[PDB]
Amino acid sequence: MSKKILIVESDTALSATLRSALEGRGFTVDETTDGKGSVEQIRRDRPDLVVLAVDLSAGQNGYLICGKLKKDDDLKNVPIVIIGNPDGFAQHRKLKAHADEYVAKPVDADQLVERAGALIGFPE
């Protein structure tokens, strides 16, 4: 009865750290550095939770990707945790297309594991 997480994050060092911690708890975890294809990957692979960074590579932006996901009638139900500079969190919460949760960088991997479990439950 696997719980699946996708990390959209071009900081591969951080993504690996987060992945190991989540996998340690029993989550299945995939990673992508590509924000451009992220929405369609989410539609294909159907993760139970998305961890989405703000500052992504090749001009991609987590708030904009979150916008597309939360305006999509099919995908707006998939929980999104935004990670990044906490400065912009308060503003984005006010938007209709806000994420489900916001975790400030520096992200504590153990803390994120607990926040993931609060959103989608823990592996059993």
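Don't overthink the numbering: it's just position in the shown sequence, from 1.
The deposited model assigns a higher average Cα B-factor to 105 to 113 than to the other stretch when 12 to 20 and 105 to 113 are compared.
If you average the C-alpha B-factors over 70 to 78 and over 55 to 63, the higher value belongs to 70 to 78. In the deposited entry, the Cα temperature factor of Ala90 places it in the middle third of its chain's modelled residues.
Among the modelled residues of its chain, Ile7 has a C-alpha B-factor that falls in the lowest third, as given in the PDB entry.
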